[PDB]
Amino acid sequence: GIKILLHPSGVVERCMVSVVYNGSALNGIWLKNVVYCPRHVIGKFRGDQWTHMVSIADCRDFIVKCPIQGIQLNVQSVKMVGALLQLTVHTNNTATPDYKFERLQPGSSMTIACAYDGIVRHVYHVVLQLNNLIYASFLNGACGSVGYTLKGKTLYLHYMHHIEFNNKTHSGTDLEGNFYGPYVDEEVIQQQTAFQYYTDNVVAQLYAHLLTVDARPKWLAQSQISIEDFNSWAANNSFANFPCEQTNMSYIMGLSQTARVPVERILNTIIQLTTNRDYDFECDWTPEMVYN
């Protein structure tokens, strides 16, 4: 079949740690001799207050424990990198895999290991939207949970959670400490990029449907529209220019032949489904996930 595929959480689980600082509790990930947590564990600060506030943060106040290994770590030095804290601990993490800090481009998927008190409780799937937000599931104390990818032996760390916004959107940084989009870790109103559909992913879900359900749907458009004509329509209808990624073409072209529905018919179907749509989880299927 064709399912939403997630990456096994074993590697992440053994590196998760709790970070409690003067009654503020969140999660952190422990790689080599460094624990990465969100900087607001030391307090709710804004703008450029963070530098001075971190320098006065006492190291012995960082209560850091690793539940899977039953070890309590001790911080030797605190360094703010971007909007994250790099806590150097005396112990090297024996379970550290080959890892990489890789930034995501919007339209890409990743597995969230949502943790509490340093223990991964749930695992679910998200795609970074063109507004640079994920639509996730988080409660108090979940900051520090990471969104990751796996390729063989190597853990690809992509996301660390920081903020939940009023419309159940979620923002965070990469593991370098830089946020996705213009959002910051401050409890104030923050303007959001207007939503836009990652067209490549919408095309992937429609093909996934024609490959799993039995008969061609009656709402599948009968006439095809040119890619060029779709992109003129897309500019005025909150859809990203197609293709969003040139490398997705090989996948989409392969789906088009397995399903025997030209991509030009899929795009006209998207346009004709406009009355139905007039955010709603259509960009969760990436072309690579559907094709492989």
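In case it trips you up, residue 1 is the first one in the sequence shown, and so on. Rigid core: the largest C-alpha set superposing within 1.5 Å between the two forms.
Relative to the displayed structure, the C-alphas of 215 to 223 lie farther away on average in 5 other deposited structures of this protein than those of the other candidate, with 215 to 223 and 82 to 90 compared after rigid core superposition. In at least a third of the other compared PDB entries of this protein that cover both flanking sides, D278 is left without coordinates.
Missing deposited residues between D278 and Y279: 4 to 9, all without coordinates in the entry.
Two stretches are in play, 186 to 194 and 124 to 132, and the higher mean C-alpha B-factor belongs to 186 to 194. In this entry, the higher average B-factor at the C-alpha atoms falls on 211 to 219, of the pair 105 to 113 and 211 to 219.
Considering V64, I29, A259, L26 together, the PDB entry gives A259 the largest C-alpha B factor. Per the deposited coordinates, the residue with the largest Cα temperature factor out of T199, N167, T173, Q205 is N167. Ranked within its chain, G70 lands in the highest third, by CA B factor from the PDB record. When the modelled residues of the chain are ordered by C-alpha B-factor, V11 sits in the highest third.
Ranked against the other modelled residues of its chain, the C-alpha B-factor of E228 as given in the entry falls in the middle third. In this PDB entry, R46 carries a Cα temperature factor that places it within the middle third of its chain's modelled residues.
Among all modelled residues in its chain, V89 ranks in the highest third by Cα B-factor.
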